[PDB]
Amino acid sequence: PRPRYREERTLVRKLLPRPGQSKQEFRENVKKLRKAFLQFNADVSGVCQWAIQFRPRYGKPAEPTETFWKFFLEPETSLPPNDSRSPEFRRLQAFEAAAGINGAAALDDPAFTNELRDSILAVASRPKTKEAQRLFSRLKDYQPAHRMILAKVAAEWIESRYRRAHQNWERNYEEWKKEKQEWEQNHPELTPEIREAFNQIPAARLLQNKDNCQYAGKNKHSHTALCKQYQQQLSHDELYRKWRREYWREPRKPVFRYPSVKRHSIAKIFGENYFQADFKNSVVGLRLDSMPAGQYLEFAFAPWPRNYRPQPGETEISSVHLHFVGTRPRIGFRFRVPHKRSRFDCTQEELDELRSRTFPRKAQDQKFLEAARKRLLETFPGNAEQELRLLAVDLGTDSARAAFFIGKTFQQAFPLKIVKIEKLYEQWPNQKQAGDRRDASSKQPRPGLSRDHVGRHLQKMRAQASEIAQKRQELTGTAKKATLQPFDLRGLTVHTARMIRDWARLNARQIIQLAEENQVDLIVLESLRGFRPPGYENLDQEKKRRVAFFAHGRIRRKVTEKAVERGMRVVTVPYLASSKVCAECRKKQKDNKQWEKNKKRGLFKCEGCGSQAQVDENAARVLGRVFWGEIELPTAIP
RNA sequence: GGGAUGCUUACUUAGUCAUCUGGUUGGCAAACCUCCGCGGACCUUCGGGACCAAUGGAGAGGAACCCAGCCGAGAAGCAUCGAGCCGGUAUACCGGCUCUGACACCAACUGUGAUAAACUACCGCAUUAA
RNA sequence: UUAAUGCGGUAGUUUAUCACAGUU
Ligand SMILES: [Zn+2]
């Protein structure tokens with residue numbers, strides 16, 4: 001439903017000092033950005049301080065100021081579709097009129113309804129937070145264009161974080177009310193009122209509570225507070241079994257959070273007449289709001305990528321999205337890009353709705369498959385049973401192949417060059433030996449993005465981070481007051497943070513060109529959690545090193561954006577085995593160990609069918625058959 | 001890597017990899033930072049939890065942070081020798097072309113809810129000395 | 001009660017995990 005699949009794939013680059021301006025004035029120019037950058041973030045933070053009190057109450061009579069909150073956050077549904085200036089323009093005047101920053105008081109607009117006109121007046125007859133009072137006077141010193149940007153981004157901060165969450169909580173609280181009210185009469189066997197008694201007096205807690213204090217030995221040897229409560233309840237497990245599941249706790253009500261430089265400083269939108277771009281000489285016209293006439297300050301940057309698919313000349317920039325990571329002011333060039341039409345009558349958004357709200361629970365996983373499988377069939381122009389080209393991404397460790405399926409027939413499976421060396425290979429050069437459930441040992445740093453290589457940078461930070469933590473406690477710390485701060489190390493972290501993030505891009509890109517020679521209609525994905533990452537085994541007491549994961553969840557979102565761009569379609573199915581299941585037969589191998597030994601070499605052996613293919617072929621051919629009715633989810637969770 | 005090499009620098013060395021964020025020295029300016037709060041501000045197990053915050057005050061370490069410097073690395077404005085391709089000239093000369101690793105150049109940022117794992121902090125039990 | 005640990009629980013500090021939704 002939402003237009004999530006827009007004209008994105010924005011280009012961003014790092015800010016570079018011009019070779020011939022200065023070495024200190026360049027820092028003075030960044031500090032010129034900094035003094036304003038901190039100001040706007042402080043300005044928007046104070047705006048939402050005075051607006052959060054306009055929220056709906058949901059259990060109290062509707063205040064006359066509630067309907068202004070609805071309009072100011074969601075004007076598009078409350079306004080006629082023929083708005084003259086802008087939907088954000090209407091919220092600006094309403095916000096201005098509600099506050100004291102309206103010098104003309106122009107709330108008498110034809111597009112403003114009666115429910116909105118009186119609400120704005122009722123809002124002004126309320127005291128402010130004494131923080132916006134000095135802010136509102138300060139906001140009067142900006143150009144209306146600045147207040148145009150400032151007000152609209154201030155609302156968007158409140159829109160999704162609070163209002164949608166608060167309204168979702170209303171549905172959640174109604175759902176919890178309906179659940180708890182029915183549960184009072186539907187579970188009267190041992191909890192008509194005793195469920196409240198247990199409240200007066202959590203895997204470990206559940207085991208101890210559902211016991212007669214006999215489990216306290218397990219809690220102590222292998223959580224004794226819950227065992228004592230269970231023992232006191234008897235003076236037991238019969239009532240604890242239902243009291244815990246009652247979900248007596250109040251639903252998490254929306255606690256508003258405020259804009260900050262540390263965690264989320266919004267990319268300031270340098271819209272029309274506020275940005276410039278030059279890539280023949282990579283210098284950007286970065287202008288602050290302080291200049292009234294639009295004095296674009298010239299700062300060098302990294303030129304346009306040579307092998308980036310949409311060239312600079314085919315597209316026009318719309319606004320610079322600049323932020324502040326560390327100290328370097330990175331910018332973002334938002335533009336448009338032409339997508340490609342898909343060979344279906346449906347869209348990915350329809351499939352998203354099915355997984356999100358129609359089939360959210362893990363127990364409702366199988367019903368999703370048949371619902372999703374038949375959803376595509378009528379939308380297929382030709383015959384999906386004979387023409388639906390399919391590749392199944394597996395995302396292996398050393399090798400990865402996508403099985404090519406059209407009409408349930410397997411043609412061939414070929415791998416990707418997803419490994420980082422000075423020259424790209426197909427696998428890491430490891431041929432030492434093979435073993436079993438006896439032992440394992442290997443100590444050699446593979447040069448690239450390997451599991452051993454990513455852990456190498458982690459060890460170096462241990463020397464630095466421990467010294468930082470130790471010395472910080474000596475200069476002023478002189479021991480439970482604090483542990484450490486996020487700013488101790490950023491340089492090596494972002495190098496490693498982008499390192500894995502670029503590794504995901506390597507998988508993201510390689511599959512895209514892998515699926516372009518064959519017009520693959522549908523691609524399926526898995527959902528794996530992980531068992532044990534061997535990267536960290538000795539490091540401890542840090543906040544800078546566990547960024548060397550594989551980012552399985554992020555990879556699904558690169559391909560989602562690229563698929564609609566190239567007219568491709570991707571889908572994610574719940575966690576089946578997909579690796580302990582044979583491609584041909586539905587044997588459901590339960591050894592779980594001899595597969596892993598074969599997985600090291602990239603091949604496998606089947607217990608039931610005897611196929612001697614590769615695991616990549618095995619995983620991909622299964623996932624392809626999961627789309628068909630031949631293979632389904634094991635549904636062996638209970 | 002397929003050429004090697006040098007001159008020039010308010011350049012980069014904070015896309016990754018290529019044994020590799022190369023190592024190292026200072027910091028007056030300045031930034032960073034540590035304690036604070038004119039104040040709010042949501043929820044609350046009413047104990048507290050989390051965040052914003054003055055065109056705001058300080059103070060300090062150069063452990064970090066950030067500013068700056070040194071060596072080297074790599075990018076280029078240009079130059080030297082050599083080869084490939086090619087023609088006019090004659091068996092040779094002249095001239096142009098590419099001459100320099102791979103990858104990716106952010107679907108990105110962000111919040112909330114869970115999983116296993118990690119140390120700090122504190123308590124207690126089982127096992128070790130008085 | 002002082003010293004060498006292990007295992008639980010709790011919070012300080014995480015990260016990814018899975019899921020959803022915004023600026024774009
Ligand atoms: Zn089988």
# chains A, B, ... in the order shown; residues from 1 in each chain; ligands from 1
call {"tool": "residues_near_ligand", "arguments": {"ligand": "ligand 1", "cutoff": "12 Å", "atoms": "only C-alpha atoms (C1' of nucleotides) and all ligand atoms", "output": "count of residues only"}}
result
27
call {"tool": "interface_residues", "arguments": {"of": "chain A", "to": "chain B", "cutoff": "7 Å", "atoms": "only C-alpha atoms (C1' of nucleotides)", "output": "PyMOL selection string"}}
result
chain A and resi 9+19-23+45+129-131+161+220+253+255-259+264+305+420-423+448+467-468+471+480+488+491-492+495+499+502+506+540-541+557-558+561
call {"tool": "residues_around", "arguments": {"residues": "residue 428 of chain A", "least_positions_apart": "4", "cutoff": "12 Å", "atoms": "only C-alpha atoms (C1' of nucleotides)", "output": "ChimeraX atom specification"}}
result
/A:397-399,417-421,423-424,432,444-452,600-602
call {"tool": "write_last_selection", "arguments": {"atoms": "N, CA, C and O atoms", "output": "mmCIF file, in the first residue's frame"}}
result
data_model
loop_
_atom_site.group_PDB
_atom_site.id
_atom_site.type_symbol
_atom_site.label_atom_id
_atom_site.label_comp_id
_atom_site.auth_asym_id
_atom_site.auth_seq_id
_atom_site.Cartn_x
_atom_site.Cartn_y
_atom_site.Cartn_z
ATOM 1 N N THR A 397 28.718 -20.105 3.519
ATOM 2 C CA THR A 397 29.929 -19.595 4.173
ATOM 3 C C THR A 397 31.053 -19.423 3.155
ATOM 4 O O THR A 397 31.611 -18.332 3.008
ATOM 5 N N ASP A 398 31.394 -20.499 2.445
ATOM 6 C CA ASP A 398 32.456 -20.454 1.448
ATOM 7 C C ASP A 398 31.903 -20.373 0.029
ATOM 8 O O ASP A 398 32.365 -19.557 -0.774
ATOM 9 N N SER A 399 30.919 -21.209 -0.291
ATOM 10 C CA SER A 399 30.304 -21.233 -1.608
ATOM 11 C C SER A 399 28.805 -20.996 -1.488
ATOM 12 O O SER A 399 28.198 -21.258 -0.444
ATOM 13 N N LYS A 417 31.243 -15.616 -6.875
ATOM 14 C CA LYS A 417 32.599 -15.268 -6.449
ATOM 15 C C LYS A 417 32.577 -14.395 -5.196
ATOM 16 O O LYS A 417 33.194 -13.332 -5.145
ATOM 17 N N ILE A 418 31.859 -14.843 -4.171
ATOM 18 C CA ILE A 418 31.636 -14.022 -2.966
ATOM 19 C C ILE A 418 32.731 -14.388 -1.970
ATOM 20 O O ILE A 418 32.557 -15.195 -1.053
ATOM 21 N N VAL A 419 33.892 -13.757 -2.145
ATOM 22 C CA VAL A 419 34.985 -13.824 -1.180
ATOM 23 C C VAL A 419 35.970 -12.717 -1.534
ATOM 24 O O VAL A 419 36.161 -12.398 -2.713
ATOM 25 N N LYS A 420 36.595 -12.113 -0.526
ATOM 26 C CA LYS A 420 37.418 -10.927 -0.722
ATOM 27 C C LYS A 420 38.896 -11.286 -0.622
ATOM 28 O O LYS A 420 39.390 -11.613 0.463
ATOM 29 N N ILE A 421 39.593 -11.225 -1.755
ATOM 30 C CA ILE A 421 41.042 -11.324 -1.820
ATOM 31 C C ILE A 421 41.501 -10.208 -2.764
ATOM 32 O O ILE A 421 40.684 -9.513 -3.369
ATOM 33 N N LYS A 423 42.682 -10.669 -5.529
ATOM 34 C CA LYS A 423 41.928 -11.118 -6.690
ATOM 35 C C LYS A 423 40.793 -12.026 -6.232
ATOM 36 O O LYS A 423 40.996 -12.937 -5.424
ATOM 37 N N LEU A 424 39.596 -11.771 -6.756
ATOM 38 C CA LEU A 424 38.422 -12.515 -6.318
ATOM 39 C C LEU A 424 38.545 -13.991 -6.677
ATOM 40 O O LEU A 424 38.929 -14.349 -7.795
ATOM 41 N N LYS A 432 43.524 -28.083 3.987
ATOM 42 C CA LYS A 432 44.344 -28.752 5.010
ATOM 43 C C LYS A 432 43.812 -30.168 5.237
ATOM 44 O O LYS A 432 44.518 -31.132 4.910
ATOM 45 N N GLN A 444 45.311 -19.249 11.352
ATOM 46 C CA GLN A 444 45.950 -18.552 10.243
ATOM 47 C C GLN A 444 45.052 -17.418 9.757
ATOM 48 O O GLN A 444 43.879 -17.641 9.430
ATOM 49 N N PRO A 445 45.553 -16.182 9.734
ATOM 50 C CA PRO A 445 44.727 -15.058 9.270
ATOM 51 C C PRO A 445 44.573 -15.029 7.758
ATOM 52 O O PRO A 445 45.539 -14.770 7.033
ATOM 53 N N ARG A 446 43.369 -15.293 7.273
ATOM 54 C CA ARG A 446 43.101 -15.220 5.843
ATOM 55 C C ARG A 446 43.003 -13.764 5.408
ATOM 56 O O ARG A 446 42.181 -13.021 5.962
ATOM 57 N N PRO A 447 43.804 -13.311 4.443
ATOM 58 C CA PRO A 447 43.788 -11.890 4.062
ATOM 59 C C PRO A 447 42.524 -11.540 3.288
ATOM 60 O O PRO A 447 42.356 -11.939 2.134
ATOM 61 N N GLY A 448 41.639 -10.781 3.929
ATOM 62 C CA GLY A 448 40.401 -10.362 3.299
ATOM 63 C C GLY A 448 39.320 -9.995 4.294
ATOM 64 O O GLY A 448 39.565 -9.229 5.232
ATOM 65 N N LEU A 449 38.113 -10.527 4.095
ATOM 66 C CA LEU A 449 36.998 -10.306 5.011
ATOM 67 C C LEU A 449 36.577 -11.593 5.709
ATOM 68 O O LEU A 449 35.397 -11.765 6.029
ATOM 69 N N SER A 450 37.520 -12.501 5.947
ATOM 70 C CA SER A 450 37.194 -13.783 6.554
ATOM 71 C C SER A 450 36.864 -13.619 8.033
ATOM 72 O O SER A 450 37.086 -12.564 8.632
ATOM 73 N N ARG A 451 36.325 -14.688 8.619
ATOM 74 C CA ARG A 451 35.987 -14.722 10.036
ATOM 75 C C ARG A 451 37.223 -14.494 10.898
ATOM 76 O O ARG A 451 37.144 -13.855 11.951
ATOM 77 N N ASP A 452 38.367 -15.027 10.465
ATOM 78 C CA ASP A 452 39.609 -14.805 11.197
ATOM 79 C C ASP A 452 40.102 -13.373 11.020
ATOM 80 O O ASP A 452 40.618 -12.761 11.962
ATOM 81 N N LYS A 600 31.830 -28.036 5.187
ATOM 82 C CA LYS A 600 33.138 -27.394 5.127
ATOM 83 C C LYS A 600 33.705 -27.440 3.712
ATOM 84 O O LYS A 600 34.265 -26.453 3.221
ATOM 85 N N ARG A 601 33.567 -28.584 3.041
ATOM 86 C CA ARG A 601 34.018 -28.717 1.660
ATOM 87 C C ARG A 601 32.987 -28.231 0.652
ATOM 88 O O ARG A 601 33.299 -28.172 -0.543
ATOM 89 N N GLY A 602 31.781 -27.882 1.093
ATOM 90 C CA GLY A 602 30.758 -27.383 0.201
ATOM 91 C C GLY A 602 29.891 -28.436 -0.451
ATOM 92 O O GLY A 602 28.979 -28.078 -1.203
#
call {"tool": "residues_around", "arguments": {"residues": "segment 6-20 of chain C", "least_positions_apart": "5", "cutoff": "6 Å", "atoms": "only C-alpha atoms (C1' of nucleotides)", "output": "PyMOL selection string"}}
result
chain A and resi 220+222-223+543+546
call {"tool": "atom_distance", "arguments": {"atom1": "atom CA of residue 233 of chain A", "atom2": "atom CA of residue 216 of chain A"}}
result
14.4 Å
call {"tool": "select_by_dssp", "arguments": {"residues": "segment 430-489 of chain A", "states": "alpha helix (DSSP H)", "output": "VMD selection string"}}
result
chain A and resid 451 to 475
call {"tool": "atom_distance", "arguments": {"atom1": "atom CA of residue 48 of chain A", "atom2": "atom CA of residue 151 of chain A"}}
result
9.6 Å
call {"tool": "closest_residue", "arguments": {"among": "A:617, A:243, A:95, A:283", "to": "residue 190 of chain A", "atoms": "only C-alpha atoms"}}
result
A:243
call {"tool": "atom_distance", "arguments": {"atom1": "atom CA of residue 279 of chain A", "atom2": "atom CA of residue 323 of chain A"}}
result
20.0 Å
call {"tool": "residues_around", "arguments": {"residues": "residue 22 of chain C", "least_positions_apart": "6", "cutoff": "8 Å", "atoms": "only C-alpha atoms (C1' of nucleotides)", "output": "short mmCIF file (atom, residue, chain, number, x, y, z; two decimals) with N, CA and C atoms, in the first residue's frame"}}
result
data_model
loop_
_atom_site.label_atom_id
_atom_site.label_comp_id
_atom_site.auth_asym_id
_atom_site.auth_seq_id
_atom_site.Cartn_x
_atom_site.Cartn_y
_atom_site.Cartn_z
N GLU A 156 7.33 15.14 11.47
CA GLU A 156 7.68 13.79 11.05
C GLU A 156 8.39 13.02 12.17
N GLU A 159 5.49 11.94 14.12
CA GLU A 159 4.53 11.14 13.37
C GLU A 159 4.69 9.65 13.63
N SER A 160 5.87 9.10 13.31
CA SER A 160 6.03 7.65 13.32
C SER A 160 6.41 7.15 14.71
N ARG A 161 7.31 7.87 15.39
CA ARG A 161 7.84 7.39 16.66
C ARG A 161 6.75 7.29 17.72
#
call {"tool": "residues_around", "arguments": {"residues": "residue 330 of chain A", "least_positions_apart": "5", "cutoff": "6 Å", "atoms": "only C-alpha atoms (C1' of nucleotides)", "output": "ChimeraX atom specification"}}
result
/A:14-15,322-323
call {"tool": "decode", "arguments": {"residues": "segment 4-121 of chain B", "atoms": "C-alpha atoms (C1' of nucleotides)", "output": "PDB file, in the first residue's frame"}}
result
ATOM      1  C1'   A B   4      59.964   1.027 -14.534  1.00  0.00           C
ATOM      2  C1'   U B   5      61.260   5.850 -12.555  1.00  0.00           C
ATOM      3  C1'   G B   6      61.528  11.127 -10.987  1.00  0.00           C
ATOM      4  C1'   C B   7      59.969  16.393 -10.268  1.00  0.00           C
ATOM      5  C1'   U B   8      55.606  19.280  -7.963  1.00  0.00           C
ATOM      6  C1'   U B   9      51.769  19.273  -3.128  1.00  0.00           C
ATOM      7  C1'   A B  10      47.357  24.524   2.244  1.00  0.00           C
ATOM      8  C1'   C B  11      46.114  16.330  -1.347  1.00  0.00           C
ATOM      9  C1'   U B  12      44.633  11.832   0.780  1.00  0.00           C
ATOM     10  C1'   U B  13      46.626   7.910   4.585  1.00  0.00           C
ATOM     11  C1'   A B  14      38.536   7.881   8.386  1.00  0.00           C
ATOM     12  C1'   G B  15      35.417   2.753   0.927  1.00  0.00           C
ATOM     13  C1'   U B  16      37.355  -2.341   1.734  1.00  0.00           C
ATOM     14  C1'   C B  17      41.182  -5.723   0.480  1.00  0.00           C
ATOM     15  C1'   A B  18      46.075  -6.264  -1.190  1.00  0.00           C
ATOM     16  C1'   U B  19      51.425  -9.218   5.499  1.00  0.00           C
ATOM     17  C1'   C B  20      48.113  -3.037   5.787  1.00  0.00           C
ATOM     18  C1'   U B  21      42.156   1.535   9.259  1.00  0.00           C
ATOM     19  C1'   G B  22      51.268   1.916   8.150  1.00  0.00           C
ATOM     20  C1'   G B  23      53.824   3.501  12.382  1.00  0.00           C
ATOM     21  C1'   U B  24      55.024   7.549  15.459  1.00  0.00           C
ATOM     22  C1'   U B  25      55.309  12.629  17.897  1.00  0.00           C
ATOM     23  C1'   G B  26      52.860  17.216  20.028  1.00  0.00           C
ATOM     24  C1'   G B  27      48.507  20.195  21.067  1.00  0.00           C
ATOM     25  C1'   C B  28      49.087  27.649  22.788  1.00  0.00           C
ATOM     26  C1'   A B  29      45.068  28.460  20.014  1.00  0.00           C
ATOM     27  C1'   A B  30      40.590  25.306  19.189  1.00  0.00           C
ATOM     28  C1'   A B  31      37.665  21.088  19.328  1.00  0.00           C
ATOM     29  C1'   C B  32      36.630  17.074  22.208  1.00  0.00           C
ATOM     30  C1'   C B  33      35.415  16.076  27.180  1.00  0.00           C
ATOM     31  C1'   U B  34      33.768  15.647  32.771  1.00  0.00           C
ATOM     32  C1'   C B  35      30.492  17.474  36.471  1.00  0.00           C
ATOM     33  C1'   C B  36      26.605  20.164  36.613  1.00  0.00           C
ATOM     34  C1'   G B  37      20.805  22.193  35.260  1.00  0.00           C
ATOM     35  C1'   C B  38      16.609  28.201  33.310  1.00  0.00           C
ATOM     36  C1'   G B  39      13.838  24.217  32.686  1.00  0.00           C
ATOM     37  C1'   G B  40      10.814  20.854  31.218  1.00  0.00           C
ATOM     38  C1'   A B  41       9.253  15.865  29.877  1.00  0.00           C
ATOM     39  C1'   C B  42       6.750  10.728  28.972  1.00  0.00           C
ATOM     40  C1'   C B  43       5.596   6.460  31.500  1.00  0.00           C
ATOM     41  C1'   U B  44       5.545   4.480  36.222  1.00  0.00           C
ATOM     42  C1'   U B  45       5.776  -1.481  39.667  1.00  0.00           C
ATOM     43  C1'   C B  46       4.840   6.062  42.350  1.00  0.00           C
ATOM     44  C1'   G B  47      10.639   3.506  44.067  1.00  0.00           C
ATOM     45  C1'   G B  48      12.420   5.289  39.857  1.00  0.00           C
ATOM     46  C1'   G B  49      13.664   4.609  34.592  1.00  0.00           C
ATOM     47  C1'   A B  50      15.084   7.196  29.853  1.00  0.00           C
ATOM     48  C1'   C B  51      15.758  11.627  26.909  1.00  0.00           C
ATOM     49  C1'   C B  52      15.894  16.735  25.444  1.00  0.00           C
ATOM     50  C1'   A B  53      17.864  21.233  27.341  1.00  0.00           C
ATOM     51  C1'   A B  54      19.811  27.777  27.653  1.00  0.00           C
ATOM     52  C1'   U B  55      22.547  32.197  21.219  1.00  0.00           C
ATOM     53  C1'   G B  56      25.491  28.696  29.357  1.00  0.00           C
ATOM     54  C1'   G B  57      28.843  28.098  32.414  1.00  0.00           C
ATOM     55  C1'   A B  58      33.274  26.177  33.499  1.00  0.00           C
ATOM     56  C1'   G B  59      37.758  22.627  33.671  1.00  0.00           C
ATOM     57  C1'   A B  60      41.364  18.940  31.493  1.00  0.00           C
ATOM     58  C1'   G B  61      43.931  14.929  29.517  1.00  0.00           C
ATOM     59  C1'   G B  62      47.002  14.891  25.366  1.00  0.00           C
ATOM     60  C1'   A B  63      44.758   7.417  27.568  1.00  0.00           C
ATOM     61  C1'   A B  64      40.846   8.387  24.359  1.00  0.00           C
ATOM     62  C1'   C B  65      38.619  12.275  21.642  1.00  0.00           C
ATOM     63  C1'   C B  66      39.785  16.111  18.349  1.00  0.00           C
ATOM     64  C1'   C B  67      43.536  19.880  16.210  1.00  0.00           C
ATOM     65  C1'   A B  68      48.474  19.799  14.368  1.00  0.00           C
ATOM     66  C1'   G B  69      53.332  17.721  12.966  1.00  0.00           C
ATOM     67  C1'   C B  70      57.159  13.669  11.080  1.00  0.00           C
ATOM     68  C1'   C B  71      58.455   9.315   8.015  1.00  0.00           C
ATOM     69  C1'   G B  72      56.432   6.217   4.441  1.00  0.00           C
ATOM     70  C1'   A B  73      52.355   4.753   1.505  1.00  0.00           C
ATOM     71  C1'   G B  74      48.890   6.260  -2.691  1.00  0.00           C
ATOM     72  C1'   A B  75      46.277  10.126  -6.273  1.00  0.00           C
ATOM     73  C1'   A B  76      47.211  13.716  -9.673  1.00  0.00           C
ATOM     74  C1'   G B  77      49.747  18.572 -13.077  1.00  0.00           C
ATOM     75  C1'   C B  78      54.019  17.181 -15.680  1.00  0.00           C
ATOM     76  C1'   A B  79      58.525  14.598 -17.237  1.00  0.00           C
ATOM     77  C1'   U B  80      62.189  10.335 -18.540  1.00  0.00           C
ATOM     78  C1'   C B  81      63.329   5.384 -20.631  1.00  0.00           C
ATOM     79  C1'   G B  82      60.877   0.850 -22.808  1.00  0.00           C
ATOM     80  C1'   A B  83      57.085  -2.263 -25.132  1.00  0.00           C
ATOM     81  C1'   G B  84      52.321  -3.334 -27.585  1.00  0.00           C
ATOM     82  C1'   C B  85      48.861  -1.547 -31.795  1.00  0.00           C
ATOM     83  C1'   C B  86      49.046   1.412 -36.478  1.00  0.00           C
ATOM     84  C1'   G B  87      50.118   4.267 -40.797  1.00  0.00           C
ATOM     85  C1'   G B  88      53.215   8.190 -43.924  1.00  0.00           C
ATOM     86  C1'   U B  89      58.308   8.021 -45.008  1.00  0.00           C
ATOM     87  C1'   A B  90      62.755   4.102 -45.191  1.00  0.00           C
ATOM     88  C1'   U B  91      65.633  -1.585 -44.114  1.00  0.00           C
ATOM     89  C1'   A B  92      64.748   2.877 -40.033  1.00  0.00           C
ATOM     90  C1'   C B  93      62.767   7.491 -38.364  1.00  0.00           C
ATOM     91  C1'   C B  94      58.420  10.553 -36.849  1.00  0.00           C
ATOM     92  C1'   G B  95      53.606  10.635 -34.462  1.00  0.00           C
ATOM     93  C1'   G B  96      49.073   9.206 -31.702  1.00  0.00           C
ATOM     94  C1'   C B  97      46.623   5.548 -28.512  1.00  0.00           C
ATOM     95  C1'   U B  98      46.318   2.377 -23.701  1.00  0.00           C
ATOM     96  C1'   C B  99      49.903   2.370 -20.658  1.00  0.00           C
ATOM     97  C1'   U B 100      49.243   1.212 -13.616  1.00  0.00           C
ATOM     98  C1'   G B 101      45.760  -4.092  -8.464  1.00  0.00           C
ATOM     99  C1'   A B 102      40.751  -5.968  -7.392  1.00  0.00           C
ATOM    100  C1'   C B 103      36.190  -4.937  -5.300  1.00  0.00           C
ATOM    101  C1'   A B 104      32.244  -1.810  -3.584  1.00  0.00           C
ATOM    102  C1'   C B 105      31.262   3.155  -4.032  1.00  0.00           C
ATOM    103  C1'   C B 106      25.969   2.639   0.690  1.00  0.00           C
ATOM    104  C1'   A B 107      18.893   0.399   1.293  1.00  0.00           C
ATOM    105  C1'   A B 108      21.099   4.392   4.078  1.00  0.00           C
ATOM    106  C1'   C B 109      20.028   6.150   8.795  1.00  0.00           C
ATOM    107  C1'   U B 110      16.906   5.125  12.883  1.00  0.00           C
ATOM    108  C1'   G B 111      13.597   3.455  16.720  1.00  0.00           C
ATOM    109  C1'   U B 112      10.851  -0.369  19.533  1.00  0.00           C
ATOM    110  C1'   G B 113      10.036  -5.522  20.932  1.00  0.00           C
ATOM    111  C1'   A B 114      13.280 -10.827  21.662  1.00  0.00           C
ATOM    112  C1'   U B 115      17.382 -14.558  21.170  1.00  0.00           C
ATOM    113  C1'   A B 116      22.042 -16.607  22.628  1.00  0.00           C
ATOM    114  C1'   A B 117      26.630 -14.865  24.257  1.00  0.00           C
ATOM    115  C1'   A B 118      30.275 -11.263  26.838  1.00  0.00           C
ATOM    116  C1'   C B 119      32.473  -8.623  30.895  1.00  0.00           C
ATOM    117  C1'   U B 120      31.770  -4.853  34.811  1.00  0.00           C
ATOM    118  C1'   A B 121      28.979  -4.389  39.672  1.00  0.00           C
TER     119        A B 121
END
